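Remarks on the structure that follows.
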Amino acid sequence: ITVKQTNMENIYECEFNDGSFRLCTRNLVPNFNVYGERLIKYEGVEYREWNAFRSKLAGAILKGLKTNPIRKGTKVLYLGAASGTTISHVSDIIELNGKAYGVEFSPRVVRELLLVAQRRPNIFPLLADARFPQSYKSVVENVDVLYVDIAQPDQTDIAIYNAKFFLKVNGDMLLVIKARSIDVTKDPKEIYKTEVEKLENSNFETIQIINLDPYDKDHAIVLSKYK
RNA sequence: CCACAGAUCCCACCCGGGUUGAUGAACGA
RNA sequence: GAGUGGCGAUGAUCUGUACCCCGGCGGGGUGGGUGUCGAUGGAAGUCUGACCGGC
Numbered sequence: 005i006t007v008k009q010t011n012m013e014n015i016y017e018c019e020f021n022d023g024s025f026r027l028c029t030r031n032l033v034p035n036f037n038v039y040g041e042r043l044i045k046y047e048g049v050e051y052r053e054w055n056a057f058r059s060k061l062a063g064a065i066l067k068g069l070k071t072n073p074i075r076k077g078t079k080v081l082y083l084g085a086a087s088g089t090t091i092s093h094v095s096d097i098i099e100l101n102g103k104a105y106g107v108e109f110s111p112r113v114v115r116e117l118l119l120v121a122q123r124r125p126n127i128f129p130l131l132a133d134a135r136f137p138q139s140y141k142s143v144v145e146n147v148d149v150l151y152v153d154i155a156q157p158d159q160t161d162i163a164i165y166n167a168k169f170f171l172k173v174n175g176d177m178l179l180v181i182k183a184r185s186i187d188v189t190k191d192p193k194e195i196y197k198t199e200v201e202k203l204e205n206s207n208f209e210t211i212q213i214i215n216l217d218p219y220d221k222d223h224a225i226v227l228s229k230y231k
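Mapping the first sequence onto the entry's author numbering, position 36 (from 1) lands on 40, and the numbers just tick up by one.
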C-alpha cells in the first residue's frame, strides 16, 4: 500500500497490496463511509476509496479531465444530489472551508441524503425541484462550480437557468449529459453535439468534453466556463 | 358361461388453482 | 539500665526463554493466544418453474 497526491487538490491514488491503482479522497469524517466504500489508513491519515463505476466525477477524472475546478474551499451548487454518493466525495475535496448545496427533488432518496449531510457540515441538503431555483434562492449563495447530474429531457436548459441565478461569472459548470434520458431513440453522439451547442448559444465556453465509457454507458460530461 | 353391478384407475373434456404461484426444498426474536 | 527492629512451607527454582533490535537491564518493535467490541469486513449469497388439483 501507498497513497500519494495527484495533479488535483485533495485527490489521491493508491498503490495496492496487489498492484492496482484506485482513486480516493481524504475522509472528512474518519471511521465513517457513505456507501459501502473501503476506508484506508496510511501514515495515520484516513482516505475513502472513490469508485469510478458509481461516481461520474471519478469517472471523468480517470478519463483524463484536464483541470478540476472543485478544490479546497470551493463553493459548489450540485443539482441532482441523489443519495449522496458523489456529493460526499466533493465534500471531502472541498473541506470545511468550502460549501456544497445539494438540490434533489425525490423524497425517497433525500431520505438517505439527510444521513450523509447530518455527519457533514459542508453539505446543505435541499428537497427542491431544480427547475424552480426560486424555491431555494433563499438558502443558497453564488457559487464557483455548478455540478449538474439530473435525469431530465430538458436537463441542459435547467442547468443554464440555474447558472444565470447562482453561477459566478468565470465560474465553471460540470454538466452530465444523459443521452438515454434526453431521448432513447436518438444516437447518444448526436445528443452530445446538440446539447453542447445550447451551452455555446447561451455563453458557455466549452473547455473539455469527455465520454464516460467503461464507467457509464451513453453518458458524457461537459466542462465549460460561464461568461 | 354370459349378464349386470361395484369401485378404482385413468382417460378428456368440465370447474376451480393459476400468471396476484405447482413443486419439492433440514428452524430457532 | 528499658524498647526496637532480623533469611525461611505460615514456602526459593523451572518455562510462557516470544523475535531480534538500539542503548544481565531500559526501550523498541514483530509474536502468541486470550478479554472487549467493531467494521461493512470474507462465506453456488439469498429455491424451483410444468402444468396443480376438484370434478
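Here a beta-carbon is modelled for each residue, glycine too, at the ideal position from N, C-alpha and C.
The alpha-carbon of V49 is positioned some 31 angstroms away from that of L130. For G106, DSSP records a beta bridge to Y82 and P129. Look at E17 here: in three-state DSSP terms it is strand. Across the set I181, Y140 and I164, the C-alpha of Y140 shows the shortest separation from the C-alpha of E108. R30: member of the beta strand (DSSP E) spanning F25 to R30, first to last residue. Counting every other CB atom within 10 Å of its CB across the protein chains shown gives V114 a total of 16 or more, marking it as buried.
If one requires a minimum length of 3 residues, the beta strand (DSSP E) runs lying completely within the segment 120-194 are 127-131, 147-152 and 171-182, in chain order.
With a contact defined as Cβ atoms closer than 8 angstroms, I154 and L61 miss out at about 14 angstroms. Under the DSSP assignment, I97 falls in the alpha helix (DSSP H) whose first and last residues are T89 to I98. For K60, the enclosing alpha helix (DSSP H) begins and ends at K60 to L66. Across the structure, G77 and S95 are spaced so that their CA atoms are roughly 10 angstroms apart.
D187 and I211 have their C-alpha atoms roughly 25 angstroms apart. Residue environment for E19: exposed (fewer than 16 other C-beta atoms within 10 angstroms of its C-beta). Residue nearest to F128 within the set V120, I214 and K8 is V120 (criterion: CA-CA distance).
One Cα belongs to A64, the other to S142, and the distance between them is close to 32 angstroms.
In the displayed model, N72 falls within coil according to three-state DSSP, outside both helix and strand. Within the DSSP bridge table, the entry for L227 names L178 and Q212 as partners. Here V114 carries a helix assignment [DSSP, helix/strand/coil]. The Cβ neighbour count for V173, taken over all protein chains shown within 10 Å, is under 16; the residue is labelled exposed.
Per the DSSP secondary-structure output, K197 pairs with nothing in a beta bridge.
Just measuring C-alpha positions, the residue of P218, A163, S59 and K221 sitting nearest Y230 is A163. In chain order, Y16 and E17 place their CB closer than 7 angstroms to the CB of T10, counting only its own chain and leaving out the 5 sequence neighbours on each side. Only buried fits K79, as 16 or more other CB atoms lie within 10 angstroms of its CB.
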